[PDB]
Structure formats: C-alpha cells, structure tokens
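> Provided below: target_27.csv, containing CSV, C-alpha atoms and all ligand atoms.
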chain,number,residue,atom,x,y,z
A,1,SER,CA,-0.7,-2.7,22.7
A,2,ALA,CA,1.2,-6.0,21.7
A,3,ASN,CA,-1.9,-8.0,21.8
A,4,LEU,CA,-4.5,-5.5,20.5
A,5,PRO,CA,-2.5,-3.5,17.8
A,6,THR,CA,-3.7,0.0,16.9
A,7,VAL,CA,-3.1,-0.1,13.0
A,8,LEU,CA,-3.0,3.3,11.1
A,9,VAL,CA,-4.0,3.0,7.5
A,10,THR,CA,-2.9,6.1,5.5
A,11,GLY,CA,-4.8,7.0,2.1
A,12,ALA,CA,-7.8,5.5,4.0
A,13,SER,CA,-10.4,7.3,1.8
A,14,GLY,CA,-8.5,5.8,-1.2
A,15,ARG,CA,-10.1,2.9,-3.2
A,16,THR,CA,-7.9,0.1,-1.7
A,17,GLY,CA,-7.2,2.2,1.5
A,18,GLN,CA,-11.0,2.3,2.4
A,19,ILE,CA,-11.6,-1.5,2.3
A,20,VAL,CA,-8.3,-1.8,4.3
A,21,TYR,CA,-9.8,0.7,6.8
A,22,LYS,CA,-13.1,-1.4,7.0
A,23,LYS,CA,-11.4,-4.8,7.3
A,24,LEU,CA,-9.2,-3.5,10.1
A,25,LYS,CA,-12.4,-2.5,12.1
A,26,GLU,CA,-15.1,-5.0,10.9
A,27,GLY,CA,-14.2,-8.2,9.3
A,28,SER,CA,-11.6,-8.0,12.0
A,29,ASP,CA,-11.8,-7.8,15.7
A,30,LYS,CA,-8.1,-8.3,16.2
A,31,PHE,CA,-7.3,-4.6,15.5
A,32,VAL,CA,-8.1,-1.1,16.6
A,33,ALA,CA,-8.4,0.8,13.3
A,34,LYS,CA,-7.1,4.3,12.7
A,35,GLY,CA,-7.2,6.0,9.3
A,36,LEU,CA,-5.4,9.1,7.8
A,37,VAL,CA,-7.0,11.0,4.9
A,38,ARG,CA,-5.8,14.2,3.1
A,39,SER,CA,-9.1,16.2,3.5
A,40,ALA,CA,-12.4,16.7,5.3
A,41,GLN,CA,-14.1,15.5,2.2
A,42,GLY,CA,-12.1,12.3,2.4
A,43,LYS,CA,-13.1,11.7,6.0
A,44,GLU,CA,-16.8,12.0,5.2
A,45,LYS,CA,-16.4,9.5,2.2
A,46,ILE,CA,-15.4,6.8,4.7
A,47,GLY,CA,-18.0,7.5,7.4
A,48,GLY,CA,-16.3,10.5,9.0
A,49,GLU,CA,-15.7,8.5,12.3
A,50,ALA,CA,-13.5,9.5,15.2
A,51,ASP,CA,-10.7,7.1,14.4
A,52,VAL,CA,-10.0,9.0,11.1
A,53,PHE,CA,-7.3,11.8,11.2
A,54,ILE,CA,-6.8,14.6,8.5
A,55,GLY,CA,-3.3,15.5,7.4
A,56,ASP,CA,-1.0,16.0,4.4
A,57,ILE,CA,1.8,13.5,4.0
A,58,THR,CA,4.0,16.2,2.6
A,59,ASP,CA,4.1,18.2,6.0
A,60,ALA,CA,5.4,15.8,8.6
A,61,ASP,CA,4.0,17.7,11.7
A,62,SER,CA,0.5,17.7,10.3
A,63,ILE,CA,0.6,13.9,10.2
A,64,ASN,CA,2.5,13.3,13.4
A,65,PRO,CA,-0.7,13.3,15.6
A,66,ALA,CA,-2.0,10.2,13.6
A,67,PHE,CA,1.0,8.1,14.7
A,68,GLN,CA,0.6,8.6,18.4
A,69,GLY,CA,0.1,5.2,20.0
A,70,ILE,CA,0.0,3.1,16.8
A,71,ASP,CA,1.6,-0.4,16.6
A,72,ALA,CA,1.5,-0.9,12.8
A,73,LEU,CA,1.2,1.2,9.7
A,74,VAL,CA,-0.3,0.3,6.2
A,75,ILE,CA,0.7,2.9,3.7
A,76,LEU,CA,-1.9,3.2,0.9
A,77,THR,CA,-1.0,6.7,-0.3
A,78,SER,CA,0.3,7.5,-3.8
A,79,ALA,CA,0.9,10.6,-6.0
A,80,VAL,CA,-2.2,10.8,-8.2
A,81,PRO,CA,-2.0,12.3,-11.7
A,82,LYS,CA,-4.8,14.6,-12.8
A,83,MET,CA,-6.0,15.1,-16.4
A,84,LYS,CA,-6.4,18.6,-17.9
A,85,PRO,CA,-6.9,13.2,-22.7
A,86,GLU,CA,-3.4,14.0,-21.2
A,87,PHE,CA,-2.5,13.6,-17.5
A,88,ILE,CA,-0.4,15.7,-15.3
A,89,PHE,CA,0.9,16.1,-11.7
A,90,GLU,CA,-0.2,19.2,-9.7
A,91,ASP,CA,2.7,21.2,-8.2
A,92,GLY,CA,4.1,20.0,-4.9
A,93,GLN,CA,2.2,16.8,-5.4
A,94,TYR,CA,4.5,15.0,-7.8
A,95,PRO,CA,5.6,11.3,-7.0
A,96,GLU,CA,8.9,12.7,-5.7
A,97,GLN,CA,7.0,14.6,-3.0
A,98,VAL,CA,4.1,12.3,-2.4
A,99,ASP,CA,5.6,8.9,-2.9
A,100,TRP,CA,9.2,9.4,-1.9
A,101,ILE,CA,9.2,12.2,0.7
A,102,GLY,CA,5.4,11.6,1.7
A,103,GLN,CA,6.3,8.0,2.6
A,104,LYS,CA,9.5,8.9,4.2
A,105,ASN,CA,7.6,11.1,6.6
A,106,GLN,CA,5.2,8.2,7.4
A,107,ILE,CA,8.0,5.8,8.0
A,108,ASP,CA,9.9,8.2,10.3
A,109,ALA,CA,6.8,9.0,12.2
A,110,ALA,CA,6.3,5.2,12.7
A,111,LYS,CA,9.7,4.5,14.0
A,112,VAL,CA,9.2,7.2,16.6
A,113,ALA,CA,6.1,5.6,17.8
A,114,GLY,CA,7.7,2.2,17.9
A,115,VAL,CA,5.8,0.5,15.2
A,116,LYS,CA,6.5,-3.2,15.0
A,117,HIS,CA,5.5,-3.5,11.3
A,118,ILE,CA,5.0,-1.2,8.3
A,119,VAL,CA,3.1,-2.6,5.3
A,120,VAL,CA,3.4,-0.6,2.0
A,121,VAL,CA,1.4,-1.1,-1.2
A,122,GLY,CA,3.3,-0.2,-4.3
A,123,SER,CA,3.2,-1.3,-7.9
A,124,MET,CA,4.9,-3.9,-10.2
A,125,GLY,CA,7.2,-2.3,-12.7
A,126,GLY,CA,10.0,-1.1,-10.6
A,127,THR,CA,12.8,-3.3,-12.2
A,128,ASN,CA,12.2,-1.4,-15.4
A,129,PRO,CA,13.0,2.3,-15.3
A,130,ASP,CA,11.7,3.0,-18.8
A,131,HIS,CA,8.3,1.5,-17.8
A,132,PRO,CA,5.3,3.3,-19.5
A,133,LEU,CA,3.7,4.2,-16.1
A,134,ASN,CA,6.6,6.7,-15.4
A,135,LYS,CA,5.5,8.9,-18.3
A,136,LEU,CA,2.0,9.3,-17.0
A,137,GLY,CA,2.2,13.0,-16.1
A,138,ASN,CA,6.0,13.2,-16.5
A,139,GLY,CA,6.4,11.8,-13.0
A,140,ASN,CA,8.5,8.6,-13.0
A,141,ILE,CA,6.2,7.4,-10.2
A,142,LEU,CA,7.3,3.9,-10.3
A,143,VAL,CA,10.9,4.9,-9.6
A,144,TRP,CA,10.0,7.3,-6.8
A,145,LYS,CA,7.8,4.5,-5.1
A,146,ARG,CA,10.9,2.3,-5.3
A,147,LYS,CA,13.0,5.0,-3.6
A,148,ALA,CA,10.4,5.0,-0.7
A,149,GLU,CA,10.5,1.3,-0.7
A,150,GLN,CA,14.3,1.0,-0.5
A,151,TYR,CA,14.1,3.6,2.3
A,152,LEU,CA,11.6,1.4,4.1
A,153,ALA,CA,13.8,-1.6,3.8
A,154,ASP,CA,16.8,0.6,5.0
A,155,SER,CA,15.1,1.9,8.2
A,156,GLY,CA,15.4,-1.0,10.6
A,157,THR,CA,11.6,-1.5,11.2
A,158,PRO,CA,10.1,-4.9,10.1
A,159,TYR,CA,8.5,-4.2,6.7
A,160,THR,CA,6.2,-5.8,4.1
A,161,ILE,CA,6.5,-4.3,0.6
A,162,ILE,CA,3.6,-5.4,-1.7
A,163,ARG,CA,4.1,-4.5,-5.4
A,164,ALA,CA,0.6,-5.1,-6.9
A,165,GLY,CA,-0.3,-5.9,-10.5
A,166,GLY,CA,-2.8,-3.7,-12.4
A,167,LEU,CA,-5.6,-2.9,-9.9
A,168,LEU,CA,-9.0,-4.2,-10.7
A,169,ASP,CA,-12.4,-3.4,-9.2
A,170,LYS,CA,-13.6,-6.9,-8.8
A,171,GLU,CA,-14.8,-9.1,-5.8
A,172,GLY,CA,-12.1,-10.2,-3.4
A,173,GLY,CA,-11.8,-13.5,-1.6
A,174,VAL,CA,-12.6,-15.5,-4.7
A,175,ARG,CA,-9.4,-15.9,-6.8
A,176,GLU,CA,-6.1,-17.8,-7.1
A,177,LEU,CA,-3.9,-14.9,-5.7
A,178,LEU,CA,-0.4,-15.2,-7.2
A,179,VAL,CA,2.8,-13.9,-5.6
A,180,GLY,CA,6.0,-13.2,-7.3
A,181,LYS,CA,9.4,-11.6,-7.4
A,182,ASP,CA,11.1,-9.0,-9.7
A,183,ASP,CA,8.4,-8.1,-12.2
A,184,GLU,CA,8.5,-11.6,-13.6
A,185,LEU,CA,4.7,-11.8,-13.4
A,186,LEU,CA,4.7,-9.0,-16.0
A,187,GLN,CA,5.8,-11.7,-18.5
A,188,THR,CA,2.5,-13.4,-17.8
A,189,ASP,CA,-1.1,-12.4,-18.3
A,190,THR,CA,-1.9,-13.0,-14.6
A,191,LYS,CA,-0.4,-9.6,-13.7
A,192,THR,CA,-3.5,-7.8,-12.3
A,193,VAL,CA,-5.4,-8.1,-9.1
A,194,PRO,CA,-8.6,-6.9,-7.4
A,195,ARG,CA,-8.3,-4.0,-4.9
A,196,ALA,CA,-10.0,-6.2,-2.3
A,197,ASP,CA,-7.4,-8.9,-2.4
A,198,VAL,CA,-4.6,-6.2,-1.9
A,199,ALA,CA,-6.6,-5.0,1.1
A,200,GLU,CA,-6.7,-8.6,2.3
A,201,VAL,CA,-3.0,-9.2,1.8
A,202,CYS,CA,-2.2,-6.1,3.9
A,203,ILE,CA,-4.5,-7.4,6.7
A,204,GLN,CA,-3.1,-10.9,6.5
A,205,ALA,CA,0.5,-9.6,6.5
A,206,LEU,CA,-0.2,-8.2,10.0
A,207,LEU,CA,-1.1,-11.7,11.2
A,208,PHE,CA,1.8,-13.8,9.9
A,209,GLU,CA,5.4,-13.2,11.1
A,210,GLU,CA,6.5,-14.7,7.8
A,211,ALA,CA,5.4,-11.4,5.9
A,212,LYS,CA,8.0,-9.5,8.0
A,213,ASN,CA,11.0,-8.3,6.0
A,214,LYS,CA,9.5,-9.5,2.7
A,215,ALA,CA,9.0,-7.9,-0.6
A,216,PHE,CA,6.8,-9.5,-3.4
A,217,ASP,CA,4.8,-8.7,-6.5
A,218,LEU,CA,1.1,-9.6,-6.2
A,219,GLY,CA,-1.1,-10.8,-9.1
A,220,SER,CA,-4.0,-13.2,-9.4
A,221,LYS,CA,-5.8,-15.7,-11.7
A,222,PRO,CA,-9.3,-15.2,-13.1
A,223,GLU,CA,-12.1,-16.1,-10.7
A,224,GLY,CA,-13.6,-19.6,-11.0
A,225,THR,CA,-10.3,-20.9,-12.3
A,226,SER,CA,-9.1,-21.8,-8.8
A,227,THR,CA,-9.9,-22.2,-5.1
A,228,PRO,CA,-10.1,-18.9,-3.1
A,229,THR,CA,-6.8,-18.5,-1.1
A,230,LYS,CA,-8.0,-18.9,2.4
A,231,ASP,CA,-4.7,-20.1,3.9
A,232,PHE,CA,-2.3,-17.1,4.0
A,233,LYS,CA,0.4,-19.0,6.0
A,234,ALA,CA,1.3,-20.8,2.9
A,235,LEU,CA,0.9,-17.7,0.7
A,236,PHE,CA,3.6,-15.7,2.6
A,237,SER,CA,5.8,-18.7,3.1
A,238,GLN,CA,6.7,-19.0,-0.6
A,239,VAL,CA,8.1,-15.6,-0.3
A,240,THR,CA,11.8,-15.4,0.6
A,241,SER,CA,12.6,-12.1,-1.1
A,242,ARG,CA,13.5,-9.1,1.2
A,243,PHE,CA,13.5,-6.8,-1.7
A,301,LIG,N1,-2.4,2.0,-11.5
A,301,LIG,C1,-2.7,0.8,-11.1
A,301,LIG,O1,-3.5,0.0,-11.6
A,301,LIG,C2,-1.9,0.3,-9.9
A,301,LIG,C3,-1.2,-1.0,-10.0
A,301,LIG,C4,-0.5,-1.4,-8.8
A,301,LIG,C5,-0.5,-0.7,-7.7
A,301,LIG,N2,-1.1,0.6,-7.6
A,301,LIG,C6,-0.9,1.3,-6.3
A,301,LIG,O2,-1.6,0.7,-5.3
A,301,LIG,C7,-2.2,1.7,-4.4
A,301,LIG,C8,-3.7,1.5,-4.3
A,301,LIG,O3,-4.4,2.1,-5.4
A,301,LIG,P1,-5.8,2.7,-5.3
A,301,LIG,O4,-6.3,3.1,-6.6
A,301,LIG,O5,-6.7,1.7,-4.5
A,301,LIG,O6,-5.6,4.0,-4.5
A,301,LIG,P2,-6.4,5.4,-4.7
A,301,LIG,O7,-7.6,5.0,-4.1
A,301,LIG,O8,-7.3,5.8,-5.6
A,301,LIG,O9,-5.8,6.4,-3.6
A,301,LIG,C9,-4.8,6.6,-2.7
A,301,LIG,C10,-5.6,7.7,-2.2
A,301,LIG,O10,-4.2,8.3,-1.6
A,301,LIG,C11,-4.3,9.7,-0.9
A,301,LIG,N3,-3.3,10.8,-1.1
A,301,LIG,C12,-2.6,11.3,-2.3
A,301,LIG,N4,-1.8,12.3,-2.0
A,301,LIG,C13,-2.0,12.5,-0.6
A,301,LIG,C14,-1.3,13.5,0.3
A,301,LIG,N5,-0.5,14.4,-0.2
A,301,LIG,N6,-1.7,13.3,1.6
A,301,LIG,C15,-2.6,12.4,2.0
A,301,LIG,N7,-3.2,11.4,1.3
A,301,LIG,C16,-2.8,11.5,-0.1
A,301,LIG,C17,-5.5,10.2,-1.7
A,301,LIG,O11,-6.3,11.1,-1.0
A,301,LIG,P3,-7.8,11.7,-1.5
A,301,LIG,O12,-8.9,11.0,-0.7
A,301,LIG,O13,-7.6,13.1,-1.1
A,301,LIG,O14,-7.8,11.3,-3.0
A,301,LIG,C18,-6.3,8.9,-1.8
A,301,LIG,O15,-6.8,8.5,-0.5
A,301,LIG,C19,-1.6,3.1,-4.9
A,301,LIG,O16,-0.4,3.4,-4.2
A,301,LIG,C20,-1.3,2.8,-6.3
A,301,LIG,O17,-0.2,3.7,-6.7
A,301,LIG,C21,-1.8,1.1,-8.6
Kindly present the structure from the file in structure tokens form.

Amino acid sequence: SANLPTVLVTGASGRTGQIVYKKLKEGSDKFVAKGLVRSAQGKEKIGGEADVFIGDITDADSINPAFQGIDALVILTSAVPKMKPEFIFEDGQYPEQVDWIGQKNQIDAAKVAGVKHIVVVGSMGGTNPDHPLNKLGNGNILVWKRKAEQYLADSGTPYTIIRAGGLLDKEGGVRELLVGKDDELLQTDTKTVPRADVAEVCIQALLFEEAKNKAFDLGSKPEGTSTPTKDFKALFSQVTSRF
C-alpha cells in the first residue's frame, strides 16, 4: 500500500542483497520485505522465510509471482563469472541474459504491478567500454548492465540507478559516503565502498523523493576520516543527474 510499501529485493541471497533484505524487515519497520532468490539453497542461506520467492530472472513467468502486490523493487541481481585462475560465464547465464534481459524482465514485471519506484545497483565503469571488468569471462558485463540501466531510465517508472565503486566487505554506517557522476570517482582513490553502505543507500533511496529519477556513482572515504553519513536528505540532494 502507499503508506506501508511491500518492497521486493531480487538477488536477496546475494552478499549486498541479503543485508538489503534484512534492513527492509528489521532495522526498518516502514516496509514489508519480500525477497527473490535463484534457488532453494539461496532461500535457506537467508533464513528460508515465507516472504522469500524462488525464480530465475531469465524466465519471466517464473519470477512473475514475486511481483504480485509489490510497491517498489530493489534489483541486486548480476551475471556472476565462474572460474574453471581464469574466469568464465556459464551458458545462458552471460551478462547479456542475466543483466540485460534478466533485468528487463524485472522491470516489466514491476510496471505491471504498478511499482512507484525501482532501485538498481550496478557498477562504476560504464562510461568506458574498454574497461577491464568487461573481459572477466568474455562478458562485457559493464556494458550489458548499462543497457539494463538505460532501459530502466526509458520505461517511465521512477527509478534510482546506483553505480557502486569496488565492493568491500567492511562495516557500514561508519564512513564518509561519496556520490558522483560519470565515473569521475575512478580518477580518485575513494572509488570503493562497503556492501553495507550500498544496502543502506538502496533503503534510504526508498525514503527520499529526491532519489527518484536519479543516477549516481557511489564511493566512500576510509573509516575514521569522517563523520558517518546519517542525513541522507543532503546525500541525495547533491545528485541532479538522471543518467
Ligand atoms: N565487482 C565489484 O566489486 C562490484 C563493484 C560495483 C558494483 N557491483 C555490483 O553490485 C551488486 C552487488 O554485488 P554483490 O557481490 O553484493 O552481489 P552477489 O552477492 O555476490 O550476488 C548477486 C547474487 O545475484 C543472484 N543471481 C545471479 N543470476 C541469477 C539468476 N539467473 N536468477 C536469480 N538470481 C540470480 C545470485 O543468486 P545465488 O544466490 O544463486 O548466487 C546472487 O544472489 C552486483 O550487481 C554487482 O555486479 C560489483
């Protein structure tokens, strides 16, 4: 409902996706949480609770039941390269399928259900097509995620596209979280961010109308070298980019 949003987080058994799933129904009481995972093994990893659905984002009908009744969607799915040290993408699970088409299917399902806001987590690097991450497995993942992104901006539903810096497994809530535009942060050395702060930015984006129709790159500063961002109003405000 308008005042108690059902929020579906997809890739909920993922590393960032799981903290997003807990902060939706825990650190928060302003949401009814729903999660989408790719397997039964993923559903157990996160508790195996009732509000978790199983589906494959490459088969739209298998994920449609997850969208029924939702008000917002946080996409935290990604093609994931596997190593045979040389990495590769399993068949039918390449970035084109998982990240372009896989996301396309989520975004269409959401429009159907009348979502008032789709949040997508991507990666810095998209302004550079020759970026090293595209070689990892022969996928060009960064370009494919950009195609999904542009499709999201193109759909008509209010969106928030969050292009994160290198992901870190470090405590959230205790850093100077930086926000930029067009890979510029890659010139710096403050181009990486804890998973927990990305999970927090998705949750906050749900609370501030300012995040609507915005696209920004997200990085942070070392811990201890600044006051923990606690005021997200300001954080989103400095973002005027739509893409
Ligand atoms: N490389 C970096 O440092 C970096 C930098 C910036 C942004 N990012 C991005 O930011 C996001 C968060 O990263 P992360 O490591 O926290 O995520 P990740 O945990 O390790 O996982 C996303 C996870 O996505 C799910 N998934 C993959 N294919 C699927 C399919 N066909 N159907 C359903 N679910 C599927 C996976 O399911 P399983 O449970 O089955 O594995 C898993 O839940 C990703 O989109 C990533 O691309 C990464």
> Residues within 6 Å of ligand LIG 301 (chain A) should be enumerated using all atoms listed in the file and returned as a CSV table (one decimal) with C-alpha atoms, in the frame of the given file.

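Written out: out_4.csv:
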chain,number,residue,atom,x,y,z
A,11,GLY,CA,-4.8,7.0,2.1
A,12,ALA,CA,-7.8,5.5,4.0
A,13,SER,CA,-10.4,7.3,1.8
A,14,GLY,CA,-8.5,5.8,-1.2
A,15,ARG,CA,-10.1,2.9,-3.2
A,16,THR,CA,-7.9,0.1,-1.7
A,37,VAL,CA,-7.0,11.0,4.9
A,38,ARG,CA,-5.8,14.2,3.1
A,39,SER,CA,-9.1,16.2,3.5
A,42,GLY,CA,-12.1,12.3,2.4
A,56,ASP,CA,-1.0,16.0,4.4
A,57,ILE,CA,1.8,13.5,4.0
A,58,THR,CA,4.0,16.2,2.6
A,76,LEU,CA,-1.9,3.2,0.9
A,77,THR,CA,-1.0,6.7,-0.3
A,78,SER,CA,0.3,7.5,-3.8
A,79,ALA,CA,0.9,10.6,-6.0
A,80,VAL,CA,-2.2,10.8,-8.2
A,98,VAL,CA,4.1,12.3,-2.4
A,121,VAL,CA,1.4,-1.1,-1.2
A,122,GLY,CA,3.3,-0.2,-4.3
A,123,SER,CA,3.2,-1.3,-7.9
A,164,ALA,CA,0.6,-5.1,-6.9
A,165,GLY,CA,-0.3,-5.9,-10.5
A,166,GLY,CA,-2.8,-3.7,-12.4
A,167,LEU,CA,-5.6,-2.9,-9.9
A,195,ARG,CA,-8.3,-4.0,-4.9
> Nearest residue to residue 60 (chain A) out of A:205, A:83, A:72, A:107, using only C-alpha atoms?
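Of A:205, A:83, A:72, A:107, the one nearest residue 60 (chain A), counting only C-alpha atoms, is A:107.
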> Return the single residue from A:156, A:222, A:95, A:172 that is closest to residue 142 (chain A), with distances computed using only C-alpha atoms.
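Looking only at the distances to residue 142 (chain A), the closest residue turns out to be A:95.
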> Measuring atom to atom with all atoms listed in the file, identify which of A:137, A:202, A:32, A:85 is nearest to residue 20 (chain A).
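Answer, going by the shortest atom-to-atom distance: A:202.
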> So that I can see what lies close to residue 181 (chain A), please list as a PyMOL selection string the residues with an atom at most 9 Å from it, counting all atoms listed in the file and leaving out residues fewer than 2 positions away in the same chain.
chain A and resi 179+183-185+215-218+239+241+243
> Which value, in Å to one decimal, gives the distance between CA of residue 208 (chain A) and CA of residue 102 (chain A)?
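Result for CA of residue 208 (chain A) versus CA of residue 102 (chain A): 26.9 Å, one decimal.
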> Choose the residue, out of A:148, A:211, A:143, A:24, that has the smallest atom-to-atom separation from residue 237 (chain A); count all atoms listed in the file.
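Looking at the shortest contact to residue 237 (chain A), the residue is A:211.
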> Quick one: of A:204, A:138, A:229, A:189, who's nearest to residue 173 (chain A), counting only C-alpha atoms?
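Of all the options, A:229 lies closest to residue 173 (chain A).
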> For CA of residue 149 (chain A) and CA of residue 230 (chain A), determine how far apart the two atoms are, in Å to one decimal place.
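The value is 27.6 Å.
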> Could you check how far CA of residue 124 (chain A) sits from CA of residue 106 (chain A), in Å to one decimal?
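Distance reported for this atom pair: 21.4 Å.
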> Of the candidates A:45, A:233, A:212, A:117, which shows the shortest atom-to-atom distance to residue 73 (chain A), using all atoms listed in the file?
A:117
> I'd like the neighbourhood of residue 81 (chain A) as a ChimeraX atom specification, where a residue qualifies if any of its atoms comes within 8 Å (using all atoms listed in the file), though same-chain residues fewer than 5 positions away should be ignored.
/A:87-90,136-137
> Excluding same-chain residues fewer than 5 positions from residue 168 (chain A), what lies within 9 Å of it counting all atoms listed in the file, as an mmCIF file with C-alpha atoms, keeping the file's coordinate frame?

data_model
loop_
_atom_site.group_PDB
_atom_site.id
_atom_site.type_symbol
_atom_site.label_atom_id
_atom_site.label_comp_id
_atom_site.auth_asym_id
_atom_site.auth_seq_id
_atom_site.Cartn_x
_atom_site.Cartn_y
_atom_site.Cartn_z
ATOM 1 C CA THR A 192 -3.500 -7.800 -12.300
ATOM 2 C CA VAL A 193 -5.400 -8.100 -9.100
ATOM 3 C CA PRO A 194 -8.600 -6.900 -7.400
ATOM 4 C CA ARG A 195 -8.300 -4.000 -4.900
ATOM 5 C CA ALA A 196 -10.000 -6.200 -2.300
#
> Residues around (6.5, -2.2, 10.9), cut-off 10 Å, counting all atoms listed in the file - what are they as a list in words?
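Checking each residue against the 10 Å limit leaves residues 71, 72, 73, 74, 107, 110, 111, 114, 115, 116, 117, 118, 119, 120, 152, 155, 156, 157, 158, 159, 160, 206, 212 and 213 of chain A.
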> Output C-alpha atoms for every residue in the selection just made, as a PDB file, keeping the file's coordinate frame.

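As written to disk, part.pdb reads:
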ATOM      1  CA  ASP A  71       1.600  -0.400  16.600  1.00  0.00           C
ATOM      2  CA  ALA A  72       1.500  -0.900  12.800  1.00  0.00           C
ATOM      3  CA  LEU A  73       1.200   1.200   9.700  1.00  0.00           C
ATOM      4  CA  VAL A  74      -0.300   0.300   6.200  1.00  0.00           C
ATOM      5  CA  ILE A 107       8.000   5.800   8.000  1.00  0.00           C
ATOM      6  CA  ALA A 110       6.300   5.200  12.700  1.00  0.00           C
ATOM      7  CA  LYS A 111       9.700   4.500  14.000  1.00  0.00           C
ATOM      8  CA  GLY A 114       7.700   2.200  17.900  1.00  0.00           C
ATOM      9  CA  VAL A 115       5.800   0.500  15.200  1.00  0.00           C
ATOM     10  CA  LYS A 116       6.500  -3.200  15.000  1.00  0.00           C
ATOM     11  CA  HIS A 117       5.500  -3.500  11.300  1.00  0.00           C
ATOM     12  CA  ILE A 118       5.000  -1.200   8.300  1.00  0.00           C
ATOM     13  CA  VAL A 119       3.100  -2.600   5.300  1.00  0.00           C
ATOM     14  CA  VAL A 120       3.400  -0.600   2.000  1.00  0.00           C
ATOM     15  CA  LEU A 152      11.600   1.400   4.100  1.00  0.00           C
ATOM     16  CA  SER A 155      15.100   1.900   8.200  1.00  0.00           C
ATOM     17  CA  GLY A 156      15.400  -1.000  10.600  1.00  0.00           C
ATOM     18  CA  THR A 157      11.600  -1.500  11.200  1.00  0.00           C
ATOM     19  CA  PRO A 158      10.100  -4.900  10.100  1.00  0.00           C
ATOM     20  CA  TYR A 159       8.500  -4.200   6.700  1.00  0.00           C
ATOM     21  CA  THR A 160       6.200  -5.800   4.100  1.00  0.00           C
ATOM     22  CA  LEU A 206      -0.200  -8.200  10.000  1.00  0.00           C
ATOM     23  CA  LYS A 212       8.000  -9.500   8.000  1.00  0.00           C
ATOM     24  CA  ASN A 213      11.000  -8.300   6.000  1.00  0.00           C
TER      25      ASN A 213
END
